């Protein structure tokens, strides 16, 4: 019989090279105790320069005596980026690739009456292994399951590109009938021949038997045997869709032909579906038009990296499925079996790819490792009915076009690129003729002009109009252009998204302020275009999660914040916009304010402060209440509705309801509101901490201090605000603060800041960061100099926070701060006023 179990436990780990670390008798007691899955790159969640290099893993293998006559296969499901396996000091094998499995028959190197030592040397510094470039962290270590499989001396091949050795397909599929094809290899590692019986048992979705195939076979000592048995056509077969994931189990059994002793067994699922892509009418599943509703998903989770356990992969999947998605771009690398098991069983169409990104370098051996990862991916994930397309390149021209400008420089790189591309297209269709090929392009017509877009069956456009420049309307314009010029290339929008940050909100959202509201604006424009345009087969949203990308700065450094859920898998409000549009079966009513629970605003006297509250819903009409008071009904358009809500009380309870298919549907939540006075006097100063996000139109709420910094406002008599200057913005990371975004916007060429305020003693905090890589200025308040010559970049350097507090005695009816430029410009990034006496 076959025994499969993990050996994820009882490991020792050492970061860095170490000579003698493979030896049986090496002393490792001072090493770190760990448990797989593991990564040594949690540093990538704070450090841009994460450790790329070597690390050593050691674990004892003490073999069970019942395995004395079995073959022992070791499987590493992934290790980034490469691994060399030692058993008792003997090199057993090596693997190149961070996202595909590898397996080794380790029987010869094992003892059965002594301890055996397993030692894995892992390296994520190697430049001959994909990816070498791309918008994510190249995490090092053994971050998927590690298995031991013991099998009898005759068994199915388990050392074919780390796969299961068996491959099931369906050559023909129609409403009326379909045909099955069960192929694989049997291996005999006994010293003598053997006569076997092979059995293929096929079960309907409902568990009952549909058919048994039997074929007797013989193998001589040390031979591997290739079979390929068609099956009786299945009549009126139950077809698979994401919505009806009908699966047929196929159980393949290997027994000794005389004694009928069971030897080895291996189960797989199969399904019956066909599909095509149409440059004019889109995607067709089982003959019917089918809009692909997709998201892409990276595999990491802050702060553990990609060392996820399998229930986390399943949790991720439940979230994408409850949102209503029917398609997933598994990108940019092949992901855990735990995930693909769910796309088959619970139902999701799948696109899977290997990470060849940005630029084909002239690195010796790169192309060859790429082709092996393509074969590994395809052979390992071949039996997953959910997968309908493989891909191998994503934006392969992006860095190439940035780094090479002349036609002379482009020439050799475009040739390398077009070569590797056609090569892999051939490797793909040689490994699998049942699925579609695909490539993903950044938003450039040069993928057409260079020839790259004639290569695959379908094309993916990564489109960011309205985020990385352009207009939101350029998105549908870019796609209509591609469709008139290239009407036979069927298109998927394989990427679109906008960053958001829970700390930032705006009544006037713009791109690259990273407010919750701009990302919503961007997605609310993109999604109907995807749903209502026939030559768009679908879109895959980039990305389902906020994910690790150590090289990024922007509002959340080390993080790509374009997710629909946060890194911990709490959903952003906009997740429920997708749900409203994609789940018609249930009611969706979501007050879109879980991202905006700590609100502030400038208050005229005692009048209520108006701030928008948004609702995502599939109901047609919704009514919103604040502390019991109705704010009327509103008809939904585009699954959304905004109310202008009067905030007053400090802990208001928001409540929404509406009718859906005859049932009443409700939602509610409490939030926090703090009014800030527009006109300071001695009463409203008690307990006031007036804090302004100078140079920005966003409310910034610290997640460290819970303080909200108000949008900048110009000075008006009776009130407070800035005098002169223009808004300035950076996306570079700011040292020495948790509150990056507050320092990344500033009022440049500022002339003053004024507070009309009563006489007294005041605490003034000034926030500076020089983002213009020289500025020197003096600061006076009510005619007294508080800085003679402040130069933030000479004190602290560029992109580094300075917070300076001053105690100020106001003997006037105002607090007038003036800036006196002497070099460069005057700038101010934030200001906070408190009355002390």
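Positions refer to the first chain, counted from 1.
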item	value
Gap size, residue 774 back to residue 773 (deposited sequence, no coordinates)	10 or more
Stretch with the greater mean C-alpha B-factor as recorded in the entry, comparing 791-799 against 61-69	61-69
Entry-level comparison of average CA B-factors, 253-261 and 635-643, reporting the higher stretch	253-261
Deposited CA B-factor, highest of 560, 446, 603, 326	446
Out of 313, 541, 521, 200, residue topping the C-alpha B-factor column of the entry	200
Relative C-alpha B-factor of residue 41, binned into the chain's lowest, middle or highest third	lowest
Residue 470 by Cα B-factor - lowest, middle or highest third of the modelled chain	highest
Residue 769 by Cα B-factor - lowest, middle or highest third of the modelled chain	lowest
Record-listed C-alpha B factor of residue 784: chain third	middle
B-factor third for the C-alpha atom of residue 275 within its chain	highest
